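Take a look at this single chain, the form deposited in one PDB entry, given in structure tokens.
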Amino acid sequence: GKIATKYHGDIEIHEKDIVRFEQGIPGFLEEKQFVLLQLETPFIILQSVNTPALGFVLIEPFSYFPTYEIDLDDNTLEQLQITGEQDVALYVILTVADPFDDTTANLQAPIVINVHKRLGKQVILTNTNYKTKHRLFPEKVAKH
């Protein structure tokens, strides 16, 4: 099938490309089908198959946040059929700034995918030190 996208133009996608988010994503419960499209960069677009403008910029968190450590709740593990960490790909969503060096990531709400089962969820971590905005880069502007 063919879809429109935010960053890639019109593309052809296969059924086996689709990751199903059975609960949608927070704010958009009706958005249950996404494809992951590499920004030809360490960046991947979480692209809705139904709504072209709904395309989020993702990174794999450890590339910028090497100590990122989360503990998924039992309900999420069941919903995504996760048996161990080998089943899982993790991503965090960026809030892209201009200039890019001011970009932040939401470490509180990672995207969690069981890759081989093609199932996804955005998990909101409630028990943790992580916040909605963590800079990807150290501060450059001088400060007292």
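In this text, residue numbers run from 1 along the sequence as written. Here the rigid core means the biggest group of C-alpha atoms that line up within 1.5 Å when the two forms are laid on top of each other.
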Original post:
Between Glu40 and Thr41, how many deposited residues lack coordinates (none, 1 to 3, 4 to 9, 10 or more)?
Top reply: 1 to 3
**OP:** Decide which of the stretches 118-126 and 5-13 has the higher mean C-alpha B-factor, going by the entry.
**Re:** 118-126
Subject >> Selected stretch [higher average CA B-factor]: 127-135 or 17-25 >> reply: 127-135
Original post:
Looking at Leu46, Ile113, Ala97, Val92, which has the biggest Cα B factor in the entry?
Top reply: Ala97
Original post:
Going by the entry, which of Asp87, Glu78, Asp102, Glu31 has the most elevated CA B factor?
Top reply: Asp102
**OP:** Tell me, lowest, middle or highest third: where does the Cα B factor of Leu54 rank within its chain?
**Re:** middle
Subject >> CA B-factor ranking of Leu36, expressed as a third of its chain >> reply: middle
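The following text describes the form deposited in another entry, which does not appear among the structures shown.
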Original post:
Quick one: core overlaid, is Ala97 moving 2 Å or more at the Cα between this form and the one not shown?
Top reply: yes
